[PDB]
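Enquirer:
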Amino acid sequence: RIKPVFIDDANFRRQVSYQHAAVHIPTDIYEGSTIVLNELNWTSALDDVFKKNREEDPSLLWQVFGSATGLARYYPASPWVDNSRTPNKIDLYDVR
Amino acid sequence: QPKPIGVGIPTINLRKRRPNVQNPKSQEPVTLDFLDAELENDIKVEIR
Amino acid sequence: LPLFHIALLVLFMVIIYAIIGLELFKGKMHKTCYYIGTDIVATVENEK
Amino acid sequence: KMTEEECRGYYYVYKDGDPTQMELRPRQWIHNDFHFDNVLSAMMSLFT
Ligand SMILES: CCCCCCCCCCCCCCCCCC(=O)OC[C@H](COP(=O)(O)OCCN)OC(=O)CCCCCCCCCCCCCCCCC
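Protein chains in written order, with the entry's author numbering: chain A, 146 to 241; chain B, 530 to 577; chain C, 194 to 241; chain D, 962 to 1009.
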């Protein structure tokens, strides 16, 4: 895992980290799968284009890659709105 | 406006709602036609 | 046919126990716990 | 989920078979309490 620093921002009214991308995996998709781990391995080369896109157009909002395995890798990183077990409201978001 | 588009009349059954089961919310877009955002003549239809 | 007296006994014993339980238990098992303000019956994992 | 490598993570259970009232449970690979893996266990299962 990665623990980010999460400065606060305008143009996103939330705490956002321009260092890396965040990854969303649907709640009922085990990460740890061989499909999922082979995905987080090659999608790791996206963060440099995410960073370059944002460096050339500082007025950019979310940039996302939605995978056909259920993953969503977005930039900039930012904690999700709903965690499945943190509170009591299960998040039902699937990119597909 | 930033609110969802409403369809029909909203009615729920309050005697069949567990307190802690996390209702689903929404996935629809805010699709508001042009003739439902203003008052509609015959000229606005042909402009549209 | 030798079982004509055991049948006549099981019958009149089931009748007596039905009449006794009809007197001590009639109408006592109609309350249960629901969630407050709902018609959902509130049980546990493998409770009935 | 059919094999043990798959039966990992969380999953949804629906209360009273209602798709709009779900809750999260961890999924786990469970063994039956009475099984036939060795002869002592099979003898116990057949005793019951
Ligand atoms: C051909 C061979 C000849 C040799 C024969 C010897 C005589 C045998 C006569 C006894 C009859 C035994 C039949 C009972 C079925 C066997 C039950 C058994 O084996 O269970 C083993 C049990 C394993 O269960 P498992 O699910 O694997 O547990 C996992 C977590 N521990 O793990 C256990 O701990 C179970 C403990 C078993 C306790 C058995 C006690 C029985 C005592 C009987 C006395 C009462 C009978 C009196 C007379 C009856 C009528 C005449």
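Here a beta-carbon is modelled for each residue, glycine too, at the ideal position from N, C-alpha and C.
Just how far apart, CA to CA, sit C:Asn239 and B:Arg547?
Expert: On the third sequence, residue 239 of chain C is found 46 positions in, with the first residue counted as 1. On the second sequence, residue 547 of chain B is found 18 positions in, with the first residue counted as 1. For C:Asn239 and B:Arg547, the distance between alpha carbons rounds to 18 Å.
Enquirer: Tell me the DSSP bridge mates of A:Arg218?
Expert: Position 73 of the first sequence, counted from the first residue, corresponds to residue 218 of chain A. Checking the DSSP bridge columns, you'll see A:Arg218 partnered with A:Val168 and A:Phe210.
Enquirer: Got a sec: is the Cβ-Cβ distance from A:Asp227 to anything in chain D below 7 Å?
Expert: Looking up residue 227 of chain A in the first sequence gives position 82. Chain D contact via Cβ: absent.
Enquirer: Quick one, are the C-beta atoms of A:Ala167 and A:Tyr219 less than 7 Å apart?
Expert: For this step, residue 167 of chain A is matched to residue 22 along the first sequence. For this step, residue 219 of chain A is matched to residue 74 along the first sequence. Against a cut-off of 7 Å, the Cβ pair of A:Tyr219 and A:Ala167 comes out as a contact.
Enquirer: Which residue or residues does DSSP assign as beta-bridge partners of A:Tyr175?
Expert: Numbered from 1 along the first sequence, position 30 holds the residue referred to as residue 175 of chain A. Answer is none; A:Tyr175 lacks a bridge partner.
Enquirer: Which partner residues of D:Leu985 appear in the DSSP bridge assignment?
Expert: Working through the fourth sequence from its first residue, we reach residue 985 of chain D at position 24. Bridge partners of D:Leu985: D:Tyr973.
Enquirer: Reducing DSSP to helix, strand and coil, say where A:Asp153 ends up.
Expert: For the purposes of this step, residue 153 of chain A is identified with residue 8 of the first sequence, where counting begins at 1. Reduced to three states, the DSSP call for A:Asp153 is strand.
Enquirer: Just reading off the alpha helix (DSSP H) that D:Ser1002 is part of, what are its end residues?
Expert: In the fourth sequence, counting from the first residue as 1, residue 1002 of chain D sits at position 41. Per DSSP, D:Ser1002 is one residue of the alpha helix (DSSP H) stretching across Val1000 to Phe1008.
Enquirer: Report the residues of the stretch 981-998 of chain D with a CB closer than 7 Å to any CB of chain B, ordered along the chain.
Expert: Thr981, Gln982, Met983 and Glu984
Enquirer: Mind checking A:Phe195: buried by the 16 CB within 10 Å criterion, or exposed?
Expert: As a working mapping, residue 195 of chain A is identified with position 50 in the first sequence. It is buried - the Cβ of A:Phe195 has at least 16 other Cβ atoms within 10 Å.
Enquirer: According to the neighbour-count rule (16 or more other Cβ atoms, all chains shown, within 10 Å of its Cβ), is A:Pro224 buried or exposed?
Expert: Within the first sequence, numbered from 1, the residue matching residue 224 of chain A stands at position 79. A residue is called buried when at least 16 other Cβ atoms come within 10 angstroms of its Cβ; A:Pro224 does not meet this threshold and is exposed.
Enquirer: Mark B:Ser555 as exposed unless 16 or more other C-beta atoms lie within 10 angstroms of its C-beta, in which case mark it buried.
Expert: In the second sequence, the residue the question calls residue 555 of chain B occupies position 26. Exposed: under 16 other Cβ atoms inside 10 Å.
Enquirer: Spatial neighbours of A:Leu182 within its chain, please: CB distance less than 7 Å, with the 5 preceding and 5 following residues excluded, ordered by chain position.
Expert: To locate residue 182 of chain A, count along the first sequence from 1; it is residue 37. Answer for A:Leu182: no residue qualifies.
Enquirer: Taking buried to mean at least 16 other C-beta atoms within 10 Å of its own C-beta, is A:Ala222 buried or exposed?
Expert: The residue labelled residue 222 of chain A in the question sits at position 77 within the first sequence. A:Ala222 should be labelled buried.
Enquirer: How far does the alpha helix (DSSP H) with C:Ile212 in it reach, from first residue to last?
Expert: One-based indexing of the third sequence puts residue 212 of chain C at position 19. From DSSP, the alpha helix (DSSP H) with C:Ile212 extends over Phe197 to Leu217.
Enquirer: Sort out for me which residues DSSP pairs A:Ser162 with in a bridge.
Expert: Taking the first residue of the first sequence as position 1, residue 162 of chain A is located at position 17. In the DSSP output, where bridge partners are listed per residue, A:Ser162 has A:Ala222.
Enquirer: Name the two residues that bound the continuous alpha helix (DSSP H) containing A:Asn198.
Expert: Residue numbering aside, residue 198 of chain A sits at position 53 when the first sequence is read from its first letter. Here the alpha helix (DSSP H) through A:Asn198 covers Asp192 to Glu201.
Enquirer: Can you list, in chain order, every residue whose CB sits closer than 5 Å to a heavy atom of ligand 1?
Expert: D:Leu1001, D:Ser1002, D:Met1004, D:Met1005 and D:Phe1008
Enquirer: What are the partner residues of C:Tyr227, as DSSP defines its beta bridges?
Expert: The residue given as residue 227 of chain C occupies position 34 in the third sequence. Answer is C:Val234, bridged to C:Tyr227.
Enquirer: So, is the C-beta of B:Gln556 closer than 7 Å to a C-beta in chain A?
Expert: Position 27 of the second sequence, counting from 1, holds the residue named residue 556 of chain B. It does not; no Cβ of chain A falls within 7 Å.
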